[PDB]
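Here's a solo chain for you in structure tokens, the form deposited in one PDB entry.
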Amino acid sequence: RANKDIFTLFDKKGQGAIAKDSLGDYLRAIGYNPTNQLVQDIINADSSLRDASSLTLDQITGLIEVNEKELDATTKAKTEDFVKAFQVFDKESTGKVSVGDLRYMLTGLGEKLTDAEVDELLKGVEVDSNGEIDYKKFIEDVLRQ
């Protein structure tokens, strides 16, 4: 998915290179959905970048090729896959999850999101009297966008 035009947008200085720390968002900008961990491993698996402060389109392009397989996998999953995996947080299969549990898994597990990012995701999301949300609709409404 390597794309020069997107690289250009990121290279706001036209210096022909973007901050190494901006690698993850560039990969996301071009279409992949890598975890922050994968982005770090990609950068770390290349000894040459050890003291690199920035990355050129050529270097980035090489990293995409070497890790093409894993990066591509981050795009395969469909909405139904997340819904299926979310069942671990709903054993009663009630199809519902408390906003409390949802905020916890989003801000307390994995690559934690901030409370502010979660507050934003919950904007408009319907919460019933029991204080639960339909996670299938939630997941759908977050991705289908």
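One-based numbering along the sequence shown.
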Looking only at C-alpha temperature factors in the entry, 65-73 or 103-111, the higher average sits in 65-73
Got a sec? Mean C-alpha B-factor, which is higher, 35-43 or 52-60? 52-60
Can you tell me which third, lowest, middle or highest, the CA B-factor of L23 falls into for its chain? lowest
Taking the entry's C-alpha B-factors for this chain, is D81 in the lowest, middle or highest third? middle
C-alpha B factor of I139, ranked within the chain: lowest, middle or highest third? middle
Going by what the PDB entry lists, where does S98 fall on CA B-factor within its chain: lowest, middle or highest third? lowest
Looking at the C-alpha B-factor of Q145, is it in the lowest, middle or highest third of its chain? highest
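Keep in mind that the form deposited in another entry is missing from the display, and what follows is about it.
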Rigid-part rotation between the shown form and the other one - which of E80, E120, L57, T94 lies at its hinge: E80
Sense of the change in Cα distance from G124 to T74 in the other entry - at least 3 Å versus the shown form: closer
Please check whether, in the other entry, the CA atoms of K123 and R28 lie closer or farther apart than here, given a change of 3 Å or more. closer
